[PDB]
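In structure tokens, the next block holds one chain alone, the form solved without the named molecule.
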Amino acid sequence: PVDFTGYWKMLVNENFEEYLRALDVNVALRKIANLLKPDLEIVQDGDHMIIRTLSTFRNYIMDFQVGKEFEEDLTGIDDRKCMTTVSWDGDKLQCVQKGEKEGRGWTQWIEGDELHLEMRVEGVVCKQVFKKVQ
């Protein structure tokens, strides 16, 4: 179906403060996190994906098989651990992160030449949109 491989630059980042607050991130980290505009670097081969969130502060790496639950170490974000599953929902990717926080997960898809990422926790929705540099 869809190949997310690319270096994706952030265009839109809505409600990130609210999202981090819901994860109990301290204000000092939130202050700096919001000015950050992390890139997304994705390499995919079939059901195998590495998704790197790249910033000047901290990087976050997700390295998984679609459909295979794994222990996700959210070191650098809220430093929690989740039981995480990323699933194919047609061409969309749906991630559920089971753990402390209810309703934690995200949805990722491509519309035209933009990558959309919706991250959720406890009913907060953060909306991100990315584009490659042509």
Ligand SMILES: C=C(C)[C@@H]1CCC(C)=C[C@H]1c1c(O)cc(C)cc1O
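Each residue number is its position in the shown sequence, starting from 1.
Beyond the structure shown, there is the form deposited with the named molecule bound, which is absent from this document and is the topic of what follows.
In the entry with it bound, no residue of the candidate spot (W88, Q94 and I110) has a heavy atom lying within 4.5 Å of the named molecule. Taking the partner from elsewhere, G76 is found to have a heavy atom lying within 4.5 Å of the named molecule in the entry with it bound.
Residue contact with the named molecule in the entry with it bound: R58 places a heavy atom within 4.5 Å of it. Contact check for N13: a heavy atom falls within 4.5 Å of the named molecule in the entry with it bound. The named molecule in the entry with it bound is not approached by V66, whose heavy atoms all lie more than 4.5 angstroms from it.
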